[PDB]
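What you see below is based on every heavy atom in this structure, not just the backbone, and it leaves out hydrogens, waters and symmetry mates. Numbering of residues begins at 1 and proceeds along the displayed sequence. Counting convention: from 1, in listed order, for ligands and their atoms alike.
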Amino acid sequence: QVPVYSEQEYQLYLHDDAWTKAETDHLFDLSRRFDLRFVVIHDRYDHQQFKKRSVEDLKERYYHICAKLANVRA
Ligand SMILES: [Ca+2]
């Protein structure tokens, strides 16, 4: 299952100089809807609003957040 971060969690812990919350939210939405199939997530990505991201860029962002949430929720 895809983790769900709170707004406060994002603000305190999940910022990245190269990602908006809007884009991160989009990644996590696609991750839910497409069952973590990163080829599909990559295909369906709103490359209009957001930068061209590699599949690898998307996975690294997702699992950085997973690791950070695991830690702060301990
Ligand atoms: Ca799902």
Which label fits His15 and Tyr10: parallel for a plane angle under 30°, tilted from 30 to 60°, or perpendicular past 60°? perpendicular
Quick one: which residue pairs count as a salt bridge (charged side-chain N to carboxylate O under 4.0 Å, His left out) with a foot in residues 29-43, not counting sequence neighbours? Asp29-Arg33
Please determine if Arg53 and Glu23 form a salt bridge, counting it only when a charged side-chain N lies under 4.0 Å from a carboxylate O. yes
Any side-chain donor near an acceptor of the partner, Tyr62 and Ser31, under 3.5 Å: no
Every N, O or S from the protein that is nearer than 3.0 Å to the Ca ion (ligand 1): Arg32 O, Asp35 OD1
Does the plane of the ring in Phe50 sit parallel, tilted or perpendicular to the ring in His26? Use 30° and 60° as the thresholds. tilted
Value rounded to 0.5 Å, distance of CD1 in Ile65 from OG1 in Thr24: 5.0 Å
